[PDB]
């Protein structure tokens, strides 16, 4: 299945720390057997609506192909790190 993986990392990291976080994510995708189809580094962005107390984050977006039964474990592995604040995974298709 094709998925979009949206990651929000700590906005306060220096680029050396961010490089480590990005490397860890890519290694996790490969280690879980995902085929990585696109990586977009969106960078520092701000949630405007709804209203959050901590609206800034460092946004990363991945498009991947992988089996549905492996997605949950991957997502949880990605978010275990303290510098990964949020992970959201959307399947690009549904049964209907």
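Positions refer to the first chain, counted from 1.
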item	value
Third of the chain's Cα B-factor distribution that residue 32 belongs to, per the entry	highest
Record-listed C-alpha B factor of residue 41: chain third	middle
Lowest, middle or highest third - CA B-factor, residue 23	lowest
Residue 54 CA temperature factor, ranked by third within the chain	highest
Chain third (lowest, middle, highest) by recorded CA B-factor, residue given as residue 5	middle
